[PDB]
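All remarks here apply to the structure that follows.
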Amino acid sequence: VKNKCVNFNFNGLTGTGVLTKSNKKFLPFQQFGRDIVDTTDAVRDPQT
Amino acid sequence: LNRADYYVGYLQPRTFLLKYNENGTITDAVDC
Amino acid sequence: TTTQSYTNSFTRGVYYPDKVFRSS
Ligand SMILES: *[C@@H]1O[C@H](CO)[C@@H](O)[C@H](O)[C@H]1NC(C)=O
Ligand SMILES: *[C@@H]1O[C@H](CO)[C@@H](O)[C@H](O)[C@H]1NC(C)=O
Ligand SMILES: *[C@@H]1O[C@H](CO)[C@@H](O)[C@H](O)[C@H]1NC(C)=O
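Chains as they are written, first to last, in the entry's author numbering: chain A, 534 to 581; chain B, 244 to 246, 263 to 291; chain C, 23 to 46.
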């Protein structure tokens, strides 16, 4: 649901927020992902 | 077989500060 | 056979410690 605030349980990682398209150059090994304060900010949908 | 290499080094437990580039890539690192 | 000459490594041998994207 890329644009509506949602409770997510992505691979055990529970939390709440919104999901939008991202161009993060996640080289093909980068997964959970985070930010400057090291807080999960970008999860590559494992299925897609 | 059929018919100038072997560069070996040993790593150590050290603290490093790594400079990341905008595309997620490591441009420079400094050994504290 | 082989030789065992020494060589400075300079700034070399740095790998991504984990798989987390980081920018700036
Ligand atoms: C699983 O995901 C991969 C990567 O998107 C895809 O290539 C593959 O066809 C998927 N498998 C099934 C059974 O949907
Ligand atoms: C070894 O020799 C064979 C026969 O000429 C050749 O096909 C093969 O590619 C050679 N292998 C290497 C590593 O040069
Ligand atoms: C980041 O990647 C893009 C796409 O390859 C490139 O145009 C840009 O110059 C890169 N930025 C840096 C700072 O290297």
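The beta carbon of each residue, even a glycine, is placed where N, CA and C say it ideally should be.
| Query | Result |
| --- | --- |
| Any non-hydrogen atom of ligand 3 closer than 7 angstroms to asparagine 280 of chain B Cβ | yes |
| Within-8 angstroms CB hit, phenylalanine 543 of chain A to chain C | no |
| Under 9 angstroms (Cβ pairs) to chain B, residues found in the region 554–565 of chain A | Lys557, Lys558, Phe559, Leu560, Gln563 |
| Reduced DSSP category for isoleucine 285 of chain B - H, G, I as helix; E, B as strand; rest coil | strand |
| Close-in-space but distant-in-sequence residues of the same chain around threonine 23 of chain C (CB under 8 angstroms, 5 per side omitted) | none |
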